[PDB]
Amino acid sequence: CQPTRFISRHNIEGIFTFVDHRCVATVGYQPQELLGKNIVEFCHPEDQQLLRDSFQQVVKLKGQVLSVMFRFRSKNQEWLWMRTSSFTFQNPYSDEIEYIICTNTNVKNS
């Protein structure tokens, strides 16, 4: 059974700058509904600071993966457990600012 997941790209602040259409099946929103918003806008109040802090640290970790579990508000306003695996990228031919690549999977908290 394939896990349900989608890829996203974020600026270092956490704003969605790209969203894979598999988001509709995963969390119920169209890409347009996510683009331009901070991931933290979709995050459970108890988990928001952890997510901020995760985004802050992933840029320090030399491009290694940082994982975070958090509750994501679906299009139906229900809290879905997500495991987001995130890493930085920047084109080595450039000095343009790093951005963050996430794979976001709906997982069990059990």
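Quick note: we count residues from 1 along the sequence shown, nothing fancier.
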- Higher avg CA temperature factor (36 to 44 vs 58 to 66, as deposited) belongs to 58 to 66
- Query: If you rank every modelled residue in this chain by C-alpha B factor, which third holds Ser74: lowest, middle or highest?
  - Reply: lowest
- Taking the entry's C-alpha B-factors for this chain, is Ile15 in the lowest, middle or highest third? lowest
- Query: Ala25's Cα B-factor: lowest, middle or highest third of the chain?
  - Reply: highest
- Message: Splitting the chain's C-alpha B-factors into thirds, which one does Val107 fall into?
- Response: middle
